[PDB]
>>> print(open('upload_28.cif').read())   # mmCIF, C-alpha atoms and all ligand atoms
data_query
loop_
_atom_site.group_PDB
_atom_site.id
_atom_site.type_symbol
_atom_site.label_atom_id
_atom_site.label_comp_id
_atom_site.auth_asym_id
_atom_site.auth_seq_id
_atom_site.Cartn_x
_atom_site.Cartn_y
_atom_site.Cartn_z
ATOM 1 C CA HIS D 4 17.058 10.821 -4.744
ATOM 2 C CA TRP D 5 14.318 8.668 -6.170
ATOM 3 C CA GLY D 6 10.826 9.655 -7.148
ATOM 4 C CA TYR D 7 8.242 9.320 -9.893
ATOM 5 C CA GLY D 8 9.537 11.830 -12.429
ATOM 6 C CA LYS D 9 11.013 11.348 -15.888
ATOM 7 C CA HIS D 10 14.534 11.544 -14.494
ATOM 8 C CA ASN D 11 14.151 9.769 -11.144
ATOM 9 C CA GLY D 12 11.150 7.464 -11.640
ATOM 10 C CA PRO D 13 10.708 3.682 -11.579
ATOM 11 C CA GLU D 14 12.841 3.055 -14.709
ATOM 12 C CA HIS D 15 15.845 4.597 -12.868
ATOM 13 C CA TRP D 16 15.465 2.834 -9.502
ATOM 14 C CA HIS D 17 17.544 -0.219 -10.425
ATOM 15 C CA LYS D 18 20.724 1.898 -10.555
ATOM 16 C CA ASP D 19 20.635 2.506 -6.792
ATOM 17 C CA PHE D 20 18.503 -0.571 -5.932
ATOM 18 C CA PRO D 21 19.480 -3.410 -8.287
ATOM 19 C CA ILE D 22 16.879 -5.673 -6.656
ATOM 20 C CA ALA D 23 14.431 -3.645 -8.804
ATOM 21 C CA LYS D 24 15.144 -6.304 -11.465
ATOM 22 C CA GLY D 25 14.794 -9.171 -8.980
ATOM 23 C CA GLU D 26 12.811 -12.393 -8.951
ATOM 24 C CA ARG D 27 9.875 -11.306 -6.770
ATOM 25 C CA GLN D 28 9.205 -7.615 -7.437
ATOM 26 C CA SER D 29 5.877 -5.821 -6.898
ATOM 27 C CA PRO D 30 3.378 -4.760 -8.045
ATOM 28 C CA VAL D 31 2.143 -7.276 -10.639
ATOM 29 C CA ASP D 32 -0.848 -7.649 -12.914
ATOM 30 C CA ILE D 33 -3.360 -10.083 -11.437
ATOM 31 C CA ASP D 34 -4.579 -12.256 -14.309
ATOM 32 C CA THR D 35 -7.864 -13.554 -12.911
ATOM 33 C CA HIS D 36 -7.909 -16.462 -15.367
ATOM 34 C CA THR D 37 -4.465 -17.682 -14.271
ATOM 35 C CA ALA D 38 -4.815 -17.159 -10.515
ATOM 36 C CA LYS D 39 -5.770 -20.465 -8.920
ATOM 37 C CA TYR D 40 -8.295 -20.941 -6.158
ATOM 38 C CA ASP D 41 -6.428 -22.437 -3.187
ATOM 39 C CA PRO D 42 -8.744 -24.222 -0.722
ATOM 40 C CA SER D 43 -6.012 -24.451 1.929
ATOM 41 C CA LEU D 44 -5.994 -20.653 2.364
ATOM 42 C CA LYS D 45 -7.731 -19.701 5.544
ATOM 43 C CA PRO D 46 -9.893 -16.559 5.898
ATOM 44 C CA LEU D 47 -8.064 -13.356 6.716
ATOM 45 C CA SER D 48 -8.208 -12.156 10.305
ATOM 46 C CA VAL D 49 -8.153 -8.353 10.465
ATOM 47 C CA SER D 50 -8.142 -7.401 14.160
ATOM 48 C CA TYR D 51 -8.036 -3.604 14.203
ATOM 49 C CA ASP D 52 -10.309 -3.079 17.244
ATOM 50 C CA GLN D 53 -7.425 -1.792 19.401
ATOM 51 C CA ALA D 54 -5.621 0.270 16.736
ATOM 52 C CA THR D 55 -3.773 3.353 18.027
ATOM 53 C CA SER D 56 -3.012 5.822 15.227
ATOM 54 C CA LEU D 57 -0.293 8.379 15.954
ATOM 55 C CA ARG D 58 0.501 10.877 13.191
ATOM 56 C CA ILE D 59 -0.111 11.652 9.538
ATOM 57 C CA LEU D 60 2.900 12.570 7.443
ATOM 58 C CA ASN D 61 3.840 13.787 3.963
ATOM 59 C CA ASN D 62 7.094 11.948 3.220
ATOM 60 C CA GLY D 63 7.604 13.399 -0.256
ATOM 61 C CA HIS D 64 6.404 10.266 -2.063
ATOM 62 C CA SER D 65 3.043 9.703 -0.427
ATOM 63 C CA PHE D 66 1.215 10.442 2.808
ATOM 64 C CA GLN D 67 1.140 7.896 5.605
ATOM 65 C CA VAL D 68 -0.727 7.363 8.849
ATOM 66 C CA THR D 69 1.400 5.661 11.498
ATOM 67 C CA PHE D 70 0.367 3.415 14.321
ATOM 68 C CA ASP D 71 1.695 2.278 17.662
ATOM 69 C CA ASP D 72 3.144 -1.160 16.923
ATOM 70 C CA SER D 73 4.889 -1.596 20.283
ATOM 71 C CA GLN D 74 2.277 -4.177 21.173
ATOM 72 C CA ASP D 75 -0.297 -6.411 19.459
ATOM 73 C CA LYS D 76 -3.053 -3.790 19.038
ATOM 74 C CA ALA D 77 -3.923 -3.872 15.327
ATOM 75 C CA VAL D 78 -2.866 -7.165 13.775
ATOM 76 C CA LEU D 79 -3.364 -9.149 10.626
ATOM 77 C CA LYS D 80 -3.368 -12.911 10.771
ATOM 78 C CA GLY D 81 -4.607 -15.905 8.906
ATOM 79 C CA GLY D 82 -5.047 -16.031 5.190
ATOM 80 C CA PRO D 83 -1.681 -17.141 3.792
ATOM 81 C CA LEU D 84 0.100 -15.913 6.896
ATOM 82 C CA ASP D 85 1.961 -17.725 9.634
ATOM 83 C CA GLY D 86 1.901 -16.007 12.926
ATOM 84 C CA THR D 87 1.010 -12.428 13.768
ATOM 85 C CA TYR D 88 1.707 -9.241 11.824
ATOM 86 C CA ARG D 89 1.350 -5.753 13.429
ATOM 87 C CA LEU D 90 -0.004 -2.738 11.571
ATOM 88 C CA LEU D 91 2.668 -0.033 11.337
ATOM 89 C CA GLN D 92 1.307 2.422 8.813
ATOM 90 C CA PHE D 93 -0.958 2.916 5.850
ATOM 91 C CA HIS D 94 -0.439 5.074 2.775
ATOM 92 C CA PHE D 95 -1.842 5.405 -0.709
ATOM 93 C CA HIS D 96 -0.768 5.488 -4.356
ATOM 94 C CA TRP D 97 -2.919 7.466 -6.789
ATOM 95 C CA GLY D 98 -3.097 8.963 -10.252
ATOM 96 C CA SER D 99 -3.464 12.286 -11.997
ATOM 97 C CA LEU D 100 -6.634 10.916 -13.653
ATOM 98 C CA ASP D 101 -9.212 8.388 -12.493
ATOM 99 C CA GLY D 102 -8.016 5.838 -15.076
ATOM 100 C CA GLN D 103 -4.657 5.280 -13.388
ATOM 101 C CA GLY D 104 -3.057 5.296 -9.978
ATOM 102 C CA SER D 105 -3.150 1.768 -8.616
ATOM 103 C CA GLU D 106 0.030 -0.264 -8.543
ATOM 104 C CA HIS D 107 -1.459 -3.702 -8.857
ATOM 105 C CA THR D 108 -3.759 -4.191 -11.819
ATOM 106 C CA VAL D 109 -6.509 -6.757 -12.407
ATOM 107 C CA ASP D 110 -6.615 -8.160 -15.938
ATOM 108 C CA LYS D 111 -4.548 -5.040 -16.842
ATOM 109 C CA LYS D 112 -7.264 -2.781 -15.348
ATOM 110 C CA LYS D 113 -5.858 0.211 -13.440
ATOM 111 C CA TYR D 114 -7.807 1.612 -10.486
ATOM 112 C CA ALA D 115 -7.814 5.267 -9.457
ATOM 113 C CA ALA D 116 -5.728 4.595 -6.359
ATOM 114 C CA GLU D 117 -4.523 1.847 -4.067
ATOM 115 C CA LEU D 118 -4.412 1.660 -0.282
ATOM 116 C CA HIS D 119 -1.533 -0.188 1.401
ATOM 117 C CA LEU D 120 -1.903 -1.297 5.031
ATOM 118 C CA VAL D 121 1.647 -2.273 6.020
ATOM 119 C CA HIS D 122 2.169 -4.977 8.684
ATOM 120 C CA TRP D 123 5.302 -6.705 10.014
ATOM 121 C CA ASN D 124 5.897 -10.178 11.401
ATOM 122 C CA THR D 125 6.323 -10.009 15.180
ATOM 123 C CA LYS D 127 8.673 -12.994 15.278
ATOM 124 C CA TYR D 128 11.390 -10.663 13.940
ATOM 125 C CA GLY D 129 11.025 -8.149 16.788
ATOM 126 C CA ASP D 130 11.091 -4.878 14.871
ATOM 127 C CA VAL D 131 10.239 -3.727 11.384
ATOM 128 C CA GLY D 132 13.869 -3.107 10.428
ATOM 129 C CA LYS D 133 14.672 -6.770 11.030
ATOM 130 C CA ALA D 134 11.466 -7.932 9.345
ATOM 131 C CA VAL D 135 12.439 -6.168 6.090
ATOM 132 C CA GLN D 136 15.431 -8.435 5.778
ATOM 133 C CA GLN D 137 13.271 -11.584 5.734
ATOM 134 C CA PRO D 138 11.312 -13.160 2.940
ATOM 135 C CA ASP D 139 8.239 -13.408 5.198
ATOM 136 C CA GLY D 140 8.886 -10.223 7.127
ATOM 137 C CA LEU D 141 5.988 -8.036 6.009
ATOM 138 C CA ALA D 142 2.388 -8.465 4.907
ATOM 139 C CA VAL D 143 0.820 -5.616 2.984
ATOM 140 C CA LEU D 144 -2.948 -5.546 2.599
ATOM 141 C CA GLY D 145 -3.754 -3.817 -0.704
ATOM 142 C CA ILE D 146 -7.192 -2.314 -1.378
ATOM 143 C CA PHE D 147 -8.204 -0.751 -4.672
ATOM 144 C CA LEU D 148 -9.999 2.593 -4.859
ATOM 145 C CA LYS D 149 -12.466 3.472 -7.587
ATOM 146 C CA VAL D 150 -14.265 6.788 -7.960
ATOM 147 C CA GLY D 151 -17.965 6.736 -7.129
ATOM 148 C CA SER D 152 -19.688 7.280 -3.794
ATOM 149 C CA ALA D 153 -17.776 8.838 -0.913
ATOM 150 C CA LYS D 154 -16.042 6.591 1.601
ATOM 151 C CA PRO D 155 -17.134 7.932 5.013
ATOM 152 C CA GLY D 156 -14.181 6.328 6.803
ATOM 153 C CA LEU D 157 -11.738 8.181 4.537
ATOM 154 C CA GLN D 158 -13.104 11.673 5.078
ATOM 155 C CA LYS D 159 -11.131 12.381 8.241
ATOM 156 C CA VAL D 160 -7.916 11.636 6.348
ATOM 157 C CA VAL D 161 -9.095 13.874 3.502
ATOM 158 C CA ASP D 162 -9.928 16.600 5.999
ATOM 159 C CA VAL D 163 -6.350 16.994 7.274
ATOM 160 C CA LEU D 164 -4.306 16.797 4.034
ATOM 161 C CA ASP D 165 -4.202 20.571 3.645
ATOM 162 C CA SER D 166 -2.164 20.658 6.894
ATOM 163 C CA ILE D 167 0.518 18.358 5.406
ATOM 164 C CA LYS D 168 0.702 19.767 1.888
ATOM 165 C CA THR D 169 4.481 19.586 1.482
ATOM 166 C CA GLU D 170 7.266 17.099 2.140
ATOM 167 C CA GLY D 171 8.251 16.789 5.796
ATOM 168 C CA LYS D 172 5.027 18.131 7.300
ATOM 169 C CA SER D 173 3.183 16.014 9.849
ATOM 170 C CA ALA D 174 0.119 16.332 12.065
ATOM 171 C CA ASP D 175 -1.421 14.603 15.052
ATOM 172 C CA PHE D 176 -3.784 11.983 13.754
ATOM 173 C CA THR D 177 -4.898 10.030 16.809
ATOM 174 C CA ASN D 178 -8.095 8.025 17.295
ATOM 175 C CA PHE D 179 -8.413 7.062 13.621
ATOM 176 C CA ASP D 180 -10.150 3.741 12.973
ATOM 177 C CA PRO D 181 -8.664 1.958 9.940
ATOM 178 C CA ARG D 182 -11.620 -0.451 9.833
ATOM 179 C CA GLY D 183 -13.459 2.377 8.062
ATOM 180 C CA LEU D 184 -11.254 1.877 5.002
ATOM 181 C CA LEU D 185 -12.113 -1.796 4.413
ATOM 182 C CA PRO D 186 -14.590 -3.116 1.833
ATOM 183 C CA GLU D 187 -17.290 -5.585 2.773
ATOM 184 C CA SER D 188 -15.616 -8.673 1.439
ATOM 185 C CA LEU D 189 -12.221 -9.967 2.530
ATOM 186 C CA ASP D 190 -11.836 -12.189 -0.555
ATOM 187 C CA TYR D 191 -8.257 -11.778 -1.728
ATOM 188 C CA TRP D 192 -5.427 -12.746 -4.042
ATOM 189 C CA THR D 193 -2.000 -13.470 -2.601
ATOM 190 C CA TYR D 194 1.533 -13.757 -3.885
ATOM 191 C CA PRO D 195 5.111 -13.272 -2.629
ATOM 192 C CA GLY D 196 6.493 -9.891 -3.606
ATOM 193 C CA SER D 197 8.418 -6.790 -2.598
ATOM 194 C CA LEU D 198 8.124 -3.262 -1.336
ATOM 195 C CA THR D 199 6.959 -1.157 -4.281
ATOM 196 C CA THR D 200 9.207 1.776 -3.314
ATOM 197 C CA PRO D 201 12.937 1.786 -2.584
ATOM 198 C CA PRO D 202 14.605 -0.226 -1.139
ATOM 199 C CA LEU D 203 12.260 -2.609 -3.030
ATOM 200 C CA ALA D 204 13.130 -5.356 -0.538
ATOM 201 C CA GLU D 205 11.684 -8.769 -1.360
ATOM 202 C CA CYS D 206 10.100 -9.233 2.045
ATOM 203 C CA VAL D 207 6.341 -8.929 1.466
ATOM 204 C CA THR D 208 3.465 -11.371 1.418
ATOM 205 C CA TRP D 209 0.981 -9.466 -0.686
ATOM 206 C CA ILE D 210 -2.697 -9.787 0.113
ATOM 207 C CA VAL D 211 -4.779 -7.854 -2.431
ATOM 208 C CA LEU D 212 -8.526 -7.598 -1.847
ATOM 209 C CA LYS D 213 -10.885 -8.431 -4.713
ATOM 210 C CA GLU D 214 -13.481 -5.814 -3.757
ATOM 211 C CA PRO D 215 -12.449 -2.178 -4.230
ATOM 212 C CA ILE D 216 -13.736 0.601 -2.051
ATOM 213 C CA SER D 217 -15.493 3.566 -3.646
ATOM 214 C CA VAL D 218 -14.269 7.103 -2.906
ATOM 215 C CA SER D 219 -15.792 10.326 -4.144
ATOM 216 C CA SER D 220 -14.248 12.507 -6.826
ATOM 217 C CA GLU D 221 -13.927 15.220 -4.167
ATOM 218 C CA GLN D 222 -11.953 12.883 -1.881
ATOM 219 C CA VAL D 223 -9.463 11.791 -4.530
ATOM 220 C CA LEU D 224 -9.171 15.372 -5.771
ATOM 221 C CA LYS D 225 -7.792 16.286 -2.352
ATOM 222 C CA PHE D 226 -5.103 13.592 -2.686
ATOM 223 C CA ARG D 227 -4.043 15.336 -5.902
ATOM 224 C CA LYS D 228 -3.567 18.717 -4.183
ATOM 225 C CA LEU D 229 -0.640 17.380 -2.133
ATOM 226 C CA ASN D 230 2.918 18.203 -3.174
ATOM 227 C CA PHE D 231 6.041 16.119 -3.690
ATOM 228 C CA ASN D 232 8.145 19.198 -2.934
ATOM 229 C CA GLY D 233 8.950 20.749 0.414
ATOM 230 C CA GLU D 234 7.650 24.120 1.537
ATOM 231 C CA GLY D 235 9.022 27.085 -0.368
ATOM 232 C CA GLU D 236 10.382 25.163 -3.329
ATOM 233 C CA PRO D 237 8.700 24.795 -6.760
ATOM 234 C CA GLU D 238 5.292 23.125 -6.593
ATOM 235 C CA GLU D 239 5.101 19.671 -8.179
ATOM 236 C CA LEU D 240 1.727 18.084 -7.498
ATOM 237 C CA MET D 241 1.878 14.697 -5.771
ATOM 238 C CA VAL D 242 0.170 12.581 -8.436
ATOM 239 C CA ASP D 243 1.043 9.365 -10.260
ATOM 240 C CA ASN D 244 3.124 8.048 -7.341
ATOM 241 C CA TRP D 245 2.667 4.449 -8.490
ATOM 242 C CA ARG D 246 5.084 1.831 -9.721
ATOM 243 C CA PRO D 247 3.825 -0.076 -12.782
ATOM 244 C CA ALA D 248 3.370 -3.830 -12.921
ATOM 245 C CA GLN D 249 6.562 -5.924 -12.763
ATOM 246 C CA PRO D 250 7.359 -9.335 -14.314
ATOM 247 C CA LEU D 251 5.656 -12.182 -12.477
ATOM 248 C CA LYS D 252 8.554 -14.584 -13.249
ATOM 249 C CA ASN D 253 8.425 -17.839 -11.229
ATOM 250 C CA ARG D 254 5.411 -16.940 -9.104
ATOM 251 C CA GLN D 255 1.846 -18.142 -8.643
ATOM 252 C CA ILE D 256 -0.977 -15.837 -7.626
ATOM 253 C CA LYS D 257 -3.467 -17.705 -5.446
ATOM 254 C CA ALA D 258 -7.101 -16.739 -4.858
ATOM 255 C CA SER D 259 -8.983 -17.280 -1.585
ATOM 256 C CA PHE D 260 -12.142 -17.474 -3.566
ATOM 257 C CA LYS D 261 -13.362 -19.550 -6.347
HETATM 258 N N1 LIG N 301 4.551 0.494 -1.181
HETATM 259 S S1 LIG N 301 4.588 -0.733 -0.107
HETATM 260 O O1 LIG N 301 5.089 -1.823 -0.759
HETATM 261 O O2 LIG N 301 3.440 -0.978 0.544
HETATM 262 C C1 LIG N 301 5.796 -0.206 1.088
HETATM 263 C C2 LIG N 301 5.603 -0.395 2.420
HETATM 264 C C3 LIG N 301 6.574 0.039 3.277
HETATM 265 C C4 LIG N 301 7.686 0.642 2.755
HETATM 266 N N2 LIG N 301 8.730 1.140 3.584
HETATM 267 S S2 LIG N 301 8.837 0.987 5.239
HETATM 268 O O3 LIG N 301 9.751 2.000 5.707
HETATM 269 O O4 LIG N 301 7.644 1.223 5.984
HETATM 270 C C5 LIG N 301 9.533 -0.613 5.287
HETATM 271 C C6 LIG N 301 9.479 -1.027 6.702
HETATM 272 N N3 LIG N 301 9.908 0.030 7.581
HETATM 273 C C7 LIG N 301 11.288 0.007 8.026
HETATM 274 O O5 LIG N 301 11.960 -0.824 7.579
HETATM 275 N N4 LIG N 301 11.902 0.996 8.903
HETATM 276 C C8 LIG N 301 13.290 0.795 9.301
HETATM 277 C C9 LIG N 301 13.516 0.737 10.689
HETATM 278 C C10 LIG N 301 14.768 0.496 11.233
HETATM 279 C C11 LIG N 301 15.872 0.299 10.383
HETATM 280 F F1 LIG N 301 17.142 0.066 10.927
HETATM 281 C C12 LIG N 301 15.649 0.347 9.010
HETATM 282 C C13 LIG N 301 14.372 0.590 8.431
HETATM 283 C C14 LIG N 301 7.847 0.818 1.403
HETATM 284 C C15 LIG N 301 6.885 0.382 0.551
HETATM 285 ZN ZN ZN N 302 2.533 1.303 -1.083
#
>>> encode(input="upload_28.cif", output="structure tokens", more="lines below")
Ligand SMILES: NS(=O)(=O)c1ccc(NS(=O)(=O)CCNC(=O)Nc2ccc(F)cc2)cc1
Ligand SMILES: [Zn+2]
Amino acid sequence: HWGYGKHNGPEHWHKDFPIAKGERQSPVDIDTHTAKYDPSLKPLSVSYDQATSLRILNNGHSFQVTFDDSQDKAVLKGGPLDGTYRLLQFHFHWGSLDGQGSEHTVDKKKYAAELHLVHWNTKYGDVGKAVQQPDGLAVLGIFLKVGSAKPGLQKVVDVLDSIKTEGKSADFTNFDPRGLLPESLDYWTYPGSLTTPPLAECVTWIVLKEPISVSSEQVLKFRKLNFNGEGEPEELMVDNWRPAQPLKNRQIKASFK
């Protein structure tokens, strides 16, 4: 099916998922001179103290760490959000070179990678129902630039060689996602979509202003992963990012002036 290649990449997705040309697709370029400070936005509440990570998985388009969302353990609230959203998983998008890899861009600037912490609105009962609602998910997006190592990322980096190929998974319990956050929770927000198929328009995007720094050795280990499954031709998992989509009738708001 779909992927990031010449013949199955983002320019092809609309044939199976016509919402790819919809009115609130993600990612988008964040024009910092057009985003408006919104004083009515409240601070984000990231309550990850009780997070219970479960497994880490190569799904053939990225790697993800999953969490127990059967109860309010790791939740996102506040900011633009109404009610409570449970953390389900996080994954990344990254490039073949340090000058590309993020999905969102800031004044057309591309970061080396982008972290997505995926949360779903508990009023819809389960994530499958939430995906069918315009306010069903909230994804917290964090940019990665190459510089100093990120100590809270190293334990993810350490296990990637055990999930090199599509379909492999590993135990990944007792991981603390707070170690992936920057200092500031200043953010931009806009209504958008999943950035991979089915591209459902169900996401409140919350993109942090402050990137985290990761070392060249850490991002190099992202780039050793494979899109392919074991025993089939090796295609390095790089450049698994969708480019910026038309903003159309949308306003990006900033929590900071
Ligand atoms: N790149 S991004 O925008 O951050 C992003 C974030 C998440 C996704 N995909 S997801 O699978 O996790 C969507 C939510 N999970 C489910 O819906 N599962 C499900 C359960 C029961 C059903 F009956 C049907 C489906 C894609 C892109
Ligand atoms: Zn993503």
>>> resolve_selection(input="upload_28.cif", expression="the PyMOL selection byres (((chain D and resi 259) around 10) and not hetatm)", output="PDB file with C-alpha atoms, in the coordinates of the input")
ATOM      1  CA  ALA D  38      -4.815 -17.159 -10.515  1.00  0.00           C
ATOM      2  CA  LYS D  39      -5.770 -20.465  -8.920  1.00  0.00           C
ATOM      3  CA  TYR D  40      -8.295 -20.941  -6.158  1.00  0.00           C
ATOM      4  CA  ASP D  41      -6.428 -22.437  -3.187  1.00  0.00           C
ATOM      5  CA  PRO D  42      -8.744 -24.222  -0.722  1.00  0.00           C
ATOM      6  CA  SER D  43      -6.012 -24.451   1.929  1.00  0.00           C
ATOM      7  CA  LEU D  44      -5.994 -20.653   2.364  1.00  0.00           C
ATOM      8  CA  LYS D  45      -7.731 -19.701   5.544  1.00  0.00           C
ATOM      9  CA  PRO D  46      -9.893 -16.559   5.898  1.00  0.00           C
ATOM     10  CA  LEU D  47      -8.064 -13.356   6.716  1.00  0.00           C
ATOM     11  CA  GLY D  82      -5.047 -16.031   5.190  1.00  0.00           C
ATOM     12  CA  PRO D  83      -1.681 -17.141   3.792  1.00  0.00           C
ATOM     13  CA  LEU D 189     -12.221  -9.967   2.530  1.00  0.00           C
ATOM     14  CA  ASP D 190     -11.836 -12.189  -0.555  1.00  0.00           C
ATOM     15  CA  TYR D 191      -8.257 -11.778  -1.728  1.00  0.00           C
ATOM     16  CA  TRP D 192      -5.427 -12.746  -4.042  1.00  0.00           C
ATOM     17  CA  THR D 193      -2.000 -13.470  -2.601  1.00  0.00           C
ATOM     18  CA  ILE D 210      -2.697  -9.787   0.113  1.00  0.00           C
ATOM     19  CA  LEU D 212      -8.526  -7.598  -1.847  1.00  0.00           C
ATOM     20  CA  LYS D 213     -10.885  -8.431  -4.713  1.00  0.00           C
ATOM     21  CA  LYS D 257      -3.467 -17.705  -5.446  1.00  0.00           C
ATOM     22  CA  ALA D 258      -7.101 -16.739  -4.858  1.00  0.00           C
ATOM     23  CA  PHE D 260     -12.142 -17.474  -3.566  1.00  0.00           C
ATOM     24  CA  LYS D 261     -13.362 -19.550  -6.347  1.00  0.00           C
TER      25      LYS D 261
END
>>> residues_around(input="upload_28.cif", residues="residue 119 (chain D)", least_positions_apart="3", cutoff="12 Å", atoms="all atoms listed in the file", output="ChimeraX atom specification")
/D:30,65-68,90-97,105-107,116,122,141-148,181,184-185,198-200,207,209-212,245
>>> resolve_selection(input="upload_28.cif", expression="the PyMOL selection byres (((chain D and resi 162) around 12) and not hetatm)", output="mmCIF file with C-alpha atoms, keeping the file's coordinate frame")
data_model
loop_
_atom_site.group_PDB
_atom_site.id
_atom_site.type_symbol
_atom_site.label_atom_id
_atom_site.label_comp_id
_atom_site.auth_asym_id
_atom_site.auth_seq_id
_atom_site.Cartn_x
_atom_site.Cartn_y
_atom_site.Cartn_z
ATOM 1 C CA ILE D 59 -0.111 11.652 9.538
ATOM 2 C CA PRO D 155 -17.134 7.932 5.013
ATOM 3 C CA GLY D 156 -14.181 6.328 6.803
ATOM 4 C CA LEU D 157 -11.738 8.181 4.537
ATOM 5 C CA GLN D 158 -13.104 11.673 5.078
ATOM 6 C CA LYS D 159 -11.131 12.381 8.241
ATOM 7 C CA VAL D 160 -7.916 11.636 6.348
ATOM 8 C CA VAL D 161 -9.095 13.874 3.502
ATOM 9 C CA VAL D 163 -6.350 16.994 7.274
ATOM 10 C CA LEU D 164 -4.306 16.797 4.034
ATOM 11 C CA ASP D 165 -4.202 20.571 3.645
ATOM 12 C CA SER D 166 -2.164 20.658 6.894
ATOM 13 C CA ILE D 167 0.518 18.358 5.406
ATOM 14 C CA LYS D 168 0.702 19.767 1.888
ATOM 15 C CA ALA D 174 0.119 16.332 12.065
ATOM 16 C CA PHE D 176 -3.784 11.983 13.754
ATOM 17 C CA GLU D 221 -13.927 15.220 -4.167
ATOM 18 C CA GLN D 222 -11.953 12.883 -1.881
ATOM 19 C CA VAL D 223 -9.463 11.791 -4.530
ATOM 20 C CA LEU D 224 -9.171 15.372 -5.771
ATOM 21 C CA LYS D 225 -7.792 16.286 -2.352
ATOM 22 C CA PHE D 226 -5.103 13.592 -2.686
#
>>> atom_distance(input="upload_28.cif", atom1="atom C10 of ligand LIG 301 (chain N)", atom2="CA of residue 134 (chain D)")
9.2 Å
>>> axis_aligned_box(input="upload_28.cif", around="ligand LIG 301 (chain N)", padding_each_side="5 Å", output="JSON")
{"center_x": 10.3, "center_y": 0.1, "center_z": 5.0, "size_x": 23.7, "size_y": 13.8, "size_z": 22.4}
>>> atom_distance(input="upload_28.cif", atom1="CA of residue 227 (chain D)", atom2="CA of residue 241 (chain D)")
6.0 Å
